[PDB]
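I have placed the structure first, in the form of structure tokens, so that the comments after it can refer back to it.
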Amino acid sequence: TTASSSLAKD
Amino acid sequence: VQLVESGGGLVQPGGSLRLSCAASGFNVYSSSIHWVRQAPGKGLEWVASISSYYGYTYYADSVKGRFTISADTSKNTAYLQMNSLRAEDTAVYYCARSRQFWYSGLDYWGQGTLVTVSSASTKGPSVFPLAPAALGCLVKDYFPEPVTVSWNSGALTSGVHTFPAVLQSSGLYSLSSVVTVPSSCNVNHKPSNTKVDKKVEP
Amino acid sequence: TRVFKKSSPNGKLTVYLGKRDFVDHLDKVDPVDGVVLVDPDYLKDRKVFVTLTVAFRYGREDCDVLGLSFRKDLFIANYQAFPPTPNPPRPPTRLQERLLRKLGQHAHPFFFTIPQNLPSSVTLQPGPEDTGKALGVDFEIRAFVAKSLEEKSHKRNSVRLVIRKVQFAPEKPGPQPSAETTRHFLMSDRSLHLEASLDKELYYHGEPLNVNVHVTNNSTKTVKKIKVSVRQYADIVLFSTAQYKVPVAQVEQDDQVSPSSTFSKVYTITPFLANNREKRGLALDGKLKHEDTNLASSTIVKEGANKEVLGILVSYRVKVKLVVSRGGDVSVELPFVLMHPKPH
Amino acid sequence: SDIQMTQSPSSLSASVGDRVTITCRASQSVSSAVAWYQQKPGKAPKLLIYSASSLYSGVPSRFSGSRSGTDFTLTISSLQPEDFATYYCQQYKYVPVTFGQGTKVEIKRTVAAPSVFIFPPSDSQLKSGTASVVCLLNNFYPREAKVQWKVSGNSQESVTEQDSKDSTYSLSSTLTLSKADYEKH
């Protein structure tokens with residue numbers, strides 16, 4: 001399914 | 001841009017009522033109408049919503065079927081009819097607007113109106129003095145709100161603390177107010193058109 | 001912020017895509033950029049590829065038992081994600097770099113440039129008489145791992161993800177849309193002069209339109225009825241020019257314009273989908289899976305006219321028809337766009 | 001289904017120019033359809049944060065929001081002295097939407113002891129047949145208190161908003177019994 005993870009702020 | 005309501009009052013349980021919120025300054029099709037209610041002292045919770053652009057309707061589980069919602073594009077007005085009213089449904093009601101494309105919160109909120117459901121009738125205030133420092137005035141068994149109570153027709157407003165009215169099981173409201181006079185009250189009930197003035201002496 | 005993700009059924013292959021929507025500025029479209037996660041020993045001999053195929057898909061994909069898509073491939077491109085290729089084009093981008101930092105060494109960057117001569121996400125409305133979904137140009141990103149490009153497709157290998165290409169309104173308003181019509185008679189010197197003018201040339205969905213219409217009926221015939229409607233034109237091009245026109249909103253008023261008289265009015269008409277749920281052939285903006293949407297967003301053409309006709313093109317027009325007694329019916333037509341504003 | 005929220009704390013107190021953090025937790029995962037709403041007492045609410053990070057127009061920049069998985073952070077940098085009210089949390093990508101339970105924010109001050117006042121029922125009240133004991137707690141801090149009855153149930157208590165003149169609390173409790181029940185003690 002389509003979902004999301006985390007990703008950081010640089 | 002503004003938002004206004006009308007239609008509040010008191011309804012016999014098992015009865016019905018109808019509420020309206022007129023929209024101005026924005027467009028009905030490029031927006032949506034949602035209503036939310038807030039029980040006194042509780043958290044406001046969502047009840048119903050109409051999407052005129054999509055021609056869709058939604059309702060809360062607790063009020064499914066019991067309530068209806070409609071919209072009129074001619075007068076830029078929304079109409080909803082309340083049926084099978086129960087004692088728990090009484091709260092303060094608001095009408096709200098939201099961008100259709102896309103949902104981005106509820107930017108505009110109406111001034112809001114309250115809905116009361118009960119069988120209680122109009123009852124005038126009954127002043128019970130509270131004398132012994134401080135002195136207080138007790139008003140019990142009255143209906144409906146509000147009651148403007150001041151000491152000696154508001155001659156002195158210092159040291160007076162007026163508490164919010166509460167409902168006991170008798171079905172009649174009651175409030176209190178005490179003036180601090182260590183050394184040493186006019187109350188008016190507009191809905192009942194009753195003015196009771198009394199004073200307490202030690 | 002966040003990043004959308006899709007994973008293979010096996011769980012060994014996963015693709016991360018920076019954005020789900022893409023926008024064009026009429027000269028350069030934002031590039032499609034993503035990363036793919038894979039564990040090498042699963043393949044250990046194969047190669048990883050990603051494909052952006054735009055198809056004239058018909059029907060649906062939920063294993064419906066019916067004549068499925070005429071699957072014309074409008075434009076297809078290829079890129080070898082793994083083993084690594086030369087650095088272009090040109091760097092790993094800021095989102096690509098950030099995903100590599102988050103994951104490490106198991107990610108592989110891929111890049112894509114969408115040519116400016118491509119259509120916009122459009123989907124025809126499925127008619128209740130038929131079954132399942134209907135046709136409409138759509139984009140798709142498919143990442144698969146295999147030894148060769150022509151190697152047979154495998155469900156566990158290929159991962160399917162859907163993207164959309166939509167346009168946003170330029171901030172510069174256009175010229176005022178207006179028109180006129182002077183209709184004489186067969187022989188008599190009397191004539192019929194009418195005027196039509198618009199509030200603007202750009203509008204937002206749901207926002208009402210007020211057409212400014214004026215009639216100078218310095219004539220002998222009588223006007224019976226005035227018809228006001230907004231027409232939609234859908235230029236379909238697969239290998240031959242096609243045009244399925246259909247009205248969407250019509251409003252009528254039983255107003256009579258007497259001979260030797262003048263009459264002007266303003267009318268409120270709104271294009272909306274609530275009253276046209278059943279009309280087959282209506283054009284809707286591209287859906288994600290099956291969710292509803294507004295009407296098809298008007299697609300502005302670039303300044304250099306070239307062709308750009310490689311898919312579905314949509315435009316809107318408003319026509320006002322004057323019912324004149326015993327013949328002489330005349331109507332006025334006018335163009336305008338209708339599509340979203342610039343978000344933030 | 002029903003996506004219930006769970007905010008905390010229900011109430012807290014602060015002062016001018018303080019860092020105040022209020023957290024919203026969701027029973028399930030919501031991407032970004034989370035909004036922050038403030039409601040002054042007795043008046044219409046108003047939005048402060050939408051899309052979980054955007055500050056709405058006509059709002060001072062001192063407000064800020066943040067997201068962490070299913071946890072949501074709402075912070076105020078320098079709390080202006082007119083912001084003391086309740087705050088509300090909502091998620092809006094599933095039908096129906098759900099709201100918070102209210103979070104009170106009020107100014108802090110020193111601890112003030114109360115002055116207990118007990119008032120007997122009036123002579124007219126004595127002849128009415130119903131007796132009430134009026135319990136008064138004025139000018140005290142904080143709002144919480146513990147009051148016992150012995151001379152029990154059938155008691156109602158009322159407390160008002162912080163009197164900004166003294167930044168304190170006033171509480172009134174009523175114990176109502178019958179004449180026979182009142183006189184048996």
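Residues are referred to by chain and number: the chain letter is A, B, ... according to the order shown in the structure tokens, the number counts from 1 in that chain, and ligands are numbered separately from 1 in the order shown.
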Leaving out region 11-25 of chain C and any residue of its chain fewer than 6 positions from it, which residues lie within 10 Å of it when counting only C-alpha atoms, given as a CSV table (one decimal) with C-alpha atoms, in the first residue's frame?
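Final output, out.csv:
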chain,number,residue,atom,x,y,z
A,3,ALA,CA,2.3,5.0,3.0
A,4,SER,CA,5.0,7.4,4.4
A,5,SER,CA,8.2,7.0,6.4
C,2,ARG,CA,7.4,13.4,4.9
C,3,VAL,CA,8.1,11.1,1.9
C,4,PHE,CA,5.6,8.8,0.3
C,5,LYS,CA,6.6,5.1,-0.1
C,31,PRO,CA,11.5,16.8,-12.5
C,32,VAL,CA,10.4,13.5,-11.2
C,33,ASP,CA,12.9,12.3,-8.7
C,34,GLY,CA,13.0,9.3,-6.4
C,35,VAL,CA,15.1,6.6,-4.8
C,36,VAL,CA,14.7,2.8,-4.7
C,37,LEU,CA,15.6,0.5,-1.8
C,38,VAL,CA,16.9,-3.0,-2.5
C,39,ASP,CA,19.0,-5.6,-0.9
C,40,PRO,CA,21.6,-6.8,-3.4
C,41,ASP,CA,21.6,-10.6,-2.7
C,42,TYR,CA,18.0,-10.9,-3.7
C,43,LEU,CA,18.9,-10.2,-7.3
C,48,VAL,CA,17.1,-2.4,-11.5
C,50,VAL,CA,12.3,2.4,-13.4
C,95,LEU,CA,15.8,15.2,-1.7
C,96,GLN,CA,17.9,12.3,-3.3
C,99,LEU,CA,17.1,10.0,1.4
C,107,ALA,CA,19.4,3.4,-2.1
C,108,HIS,CA,19.8,4.1,-5.8
C,109,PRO,CA,18.9,7.5,-7.4
C,114,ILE,CA,8.9,15.2,-18.4
C,116,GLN,CA,6.8,20.0,-22.1
C,120,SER,CA,-2.5,16.7,-18.4
C,141,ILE,CA,5.9,5.0,-12.5
C,142,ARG,CA,6.9,1.4,-12.5
C,143,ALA,CA,10.1,0.1,-10.9
C,144,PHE,CA,11.2,-3.5,-11.8
C,145,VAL,CA,14.3,-5.6,-11.4
C,156,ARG,CA,6.9,-9.8,-7.1
C,157,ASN,CA,9.5,-7.8,-9.1
C,158,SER,CA,7.5,-4.8,-10.5
C,159,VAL,CA,6.1,-2.2,-8.2
C,160,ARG,CA,3.4,0.1,-9.5
C,161,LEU,CA,2.8,3.7,-8.4
C,162,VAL,CA,0.6,6.5,-9.8
C,163,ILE,CA,1.4,10.1,-10.2
C,164,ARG,CA,-0.5,13.1,-11.6
C,165,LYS,CA,0.5,16.1,-13.8
C,166,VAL,CA,-1.7,19.2,-13.2
C,167,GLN,CA,-1.4,22.8,-14.1
C,168,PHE,CA,-1.8,26.0,-12.0
C,169,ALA,CA,-3.1,29.4,-12.9
C,170,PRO,CA,-0.7,32.1,-14.1
C,288,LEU,CA,-5.6,9.0,-7.5
C,302,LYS,CA,1.9,27.2,-24.2
Residue hits in chain D, query chain C, radius 12 Å, only C-alpha atoms, as a PDB file with N, CA, C and O atoms, in the first residue's frame:
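Result written to selection-v1.pdb:
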ATOM      1  N   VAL D  30      -2.216   9.707  11.313  1.00  0.00           N
ATOM      2  CA  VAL D  30      -2.771  10.749  10.457  1.00  0.00           C
ATOM      3  C   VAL D  30      -1.612  11.511   9.829  1.00  0.00           C
ATOM      4  O   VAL D  30      -0.696  11.955  10.534  1.00  0.00           O
ATOM      5  N   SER D  31      -1.637  11.637   8.502  1.00  0.00           N
ATOM      6  CA  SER D  31      -0.514  12.210   7.769  1.00  0.00           C
ATOM      7  C   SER D  31      -0.277  13.676   8.109  1.00  0.00           C
ATOM      8  O   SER D  31       0.745  14.021   8.710  1.00  0.00           O
ATOM      9  N   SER D  32      -1.206  14.550   7.727  1.00  0.00           N
ATOM     10  CA  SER D  32      -1.063  15.966   8.031  1.00  0.00           C
ATOM     11  C   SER D  32      -2.376  16.673   8.327  1.00  0.00           C
ATOM     12  O   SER D  32      -2.358  17.881   8.575  1.00  0.00           O
ATOM     13  N   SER D  51      -3.075  22.184   8.597  1.00  0.00           N
ATOM     14  CA  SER D  51      -2.111  21.324   7.912  1.00  0.00           C
ATOM     15  C   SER D  51      -0.957  20.917   8.822  1.00  0.00           C
ATOM     16  O   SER D  51       0.085  20.458   8.343  1.00  0.00           O
ATOM     17  N   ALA D  52      -1.127  21.106  10.132  1.00  0.00           N
ATOM     18  CA  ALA D  52      -0.248  20.670  11.213  1.00  0.00           C
ATOM     19  C   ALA D  52       1.049  21.462  11.302  1.00  0.00           C
ATOM     20  O   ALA D  52       1.799  21.276  12.267  1.00  0.00           O
ATOM     21  N   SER D  53       1.347  22.337  10.344  1.00  0.00           N
ATOM     22  CA  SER D  53       2.524  23.193  10.460  1.00  0.00           C
ATOM     23  C   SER D  53       2.307  24.630  10.018  1.00  0.00           C
ATOM     24  O   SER D  53       3.130  25.484  10.365  1.00  0.00           O
ATOM     25  N   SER D  54       1.246  24.942   9.283  1.00  0.00           N
ATOM     26  CA  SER D  54       1.043  26.280   8.751  1.00  0.00           C
ATOM     27  C   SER D  54       0.365  27.173   9.779  1.00  0.00           C
ATOM     28  O   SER D  54      -0.578  26.758  10.459  1.00  0.00           O
ATOM     29  N   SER D  66       4.465  21.473  15.519  1.00  0.00           N
ATOM     30  CA  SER D  66       5.403  20.467  15.051  1.00  0.00           C
ATOM     31  C   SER D  66       4.728  19.106  15.083  1.00  0.00           C
ATOM     32  O   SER D  66       3.742  18.896  15.794  1.00  0.00           O
ATOM     33  N   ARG D  67       5.274  18.180  14.299  1.00  0.00           N
ATOM     34  CA  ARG D  67       4.752  16.825  14.211  1.00  0.00           C
ATOM     35  C   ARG D  67       5.869  15.825  14.461  1.00  0.00           C
ATOM     36  O   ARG D  67       7.015  16.045  14.054  1.00  0.00           O
ATOM     37  N   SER D  68       5.530  14.725  15.133  1.00  0.00           N
ATOM     38  CA  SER D  68       6.482  13.640  15.366  1.00  0.00           C
ATOM     39  C   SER D  68       5.689  12.337  15.370  1.00  0.00           C
ATOM     40  O   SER D  68       5.154  11.939  16.409  1.00  0.00           O
ATOM     41  N   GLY D  69       5.627  11.681  14.213  1.00  0.00           N
ATOM     42  CA  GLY D  69       4.867  10.444  14.113  1.00  0.00           C
ATOM     43  C   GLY D  69       3.402  10.684  14.413  1.00  0.00           C
ATOM     44  O   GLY D  69       2.725  11.470  13.740  1.00  0.00           O
TER      45      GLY D  69
END
Please produce, as a tab-separated table, a per-residue contact table for chain C versus chain B (criterion: any atom at most 8 Å away, only C-alpha atoms considered), showing the nearest atom pair and its distance in Å to one decimal, sorted by chain then residue number.
residue	atom	partner	partner_atom	distance
C:204	CA	B:30	CA	7.9
C:205	CA	B:30	CA	6.3
C:206	CA	B:30	CA	4.1
C:207	CA	B:30	CA	5.7
C:208	CA	B:27	CA	7.5
C:272	CA	B:53	CA	6.1
C:273	CA	B:54	CA	6.3
C:274	CA	B:54	CA	4.8
C:275	CA	B:55	CA	7.8
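Using only C-alpha atoms for every distance, the candidate list B:154, B:164, B:9, B:144 yields B:164 as the residue closest to chain D.
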Near chain B, which residues of chain D fall within 9 Å when you count only C-alpha atoms, and what do they look like as JSON, numbers by chain? {"D": [33, 34, 35, 36, 43, 44, 45, 46, 47, 49, 50, 51, 56, 88, 92, 93, 95, 96, 97, 98, 99, 100, 101, 102, 117, 118, 119, 120, 121, 122, 123, 124, 125, 134, 136, 138, 156, 157, 158, 159, 160, 170, 171, 172]}
Per-residue DSSP, region 5-194 of chain B, filtered to helix (DSSP H, G or I), as a ChimeraX atom specification: /B:61-63,87-89
For residue 9 (chain D), find every residue with an atom within 9 Å (counting only C-alpha atoms), except residues of its own chain fewer than 4 positions away, and show them as a PyMOL selection string. chain D and resi 22-23+103-104
Prev. selection, N, CA, C and O atoms, output as a CSV table (one decimal), in the first residue's frame:
chain,number,residue,atom,x,y,z
D,22,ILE,N,1.9,21.9,24.5
D,22,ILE,CA,0.7,21.0,24.7
D,22,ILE,C,0.8,20.0,23.6
D,22,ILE,O,1.1,20.3,22.4
D,23,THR,N,0.5,18.7,23.9
D,23,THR,CA,0.7,17.6,23.0
D,23,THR,C,-0.6,17.0,22.7
D,23,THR,O,-1.5,16.8,23.5
D,103,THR,N,-8.1,22.1,26.8
D,103,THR,CA,-6.8,22.2,27.6
D,103,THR,C,-6.8,23.6,28.2
D,103,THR,O,-6.5,24.6,27.4
D,104,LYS,N,-7.0,23.8,29.5
D,104,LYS,CA,-7.0,25.1,30.1
D,104,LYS,C,-5.6,25.7,30.3
D,104,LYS,O,-4.7,25.0,30.7
Identify, on the basis of only C-alpha atoms, every residue whose closest approach to residue 179 (chain D) does not exceed 8 Å; exclude the query and any residue fewer than 4 positions from it along the same chain; express the result as a list in words. residues 126, 129, 130, 131 and 183 of chain D
Just the number, please: distance in Å from CA of residue 15 (chain D) to CA of residue 40 (chain B), one decimal.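 One can read the CA of residue 15 (chain D) to CA of residue 40 (chain B) distance as 27.0 Å.
For the pair CA of residue 12 (chain B) and CA of residue 174 (chain D), the interatomic distance is 29.2 Å.
Between CA of residue 112 (chain C) and CA of residue 303 (chain C) lies a distance of 24.1 Å.
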Quick one: of C:342, C:102, C:190, C:307, who's nearest to chain A, counting only C-alpha atoms?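 Under the stated criterion, the closest residue is C:102.
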Pick from B:32, B:148, B:77, B:98 nearest to residue 194 (chain B), counting only C-alpha atoms: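 Among the listed residues, the smallest separation from residue 194 (chain B) belongs to B:148.
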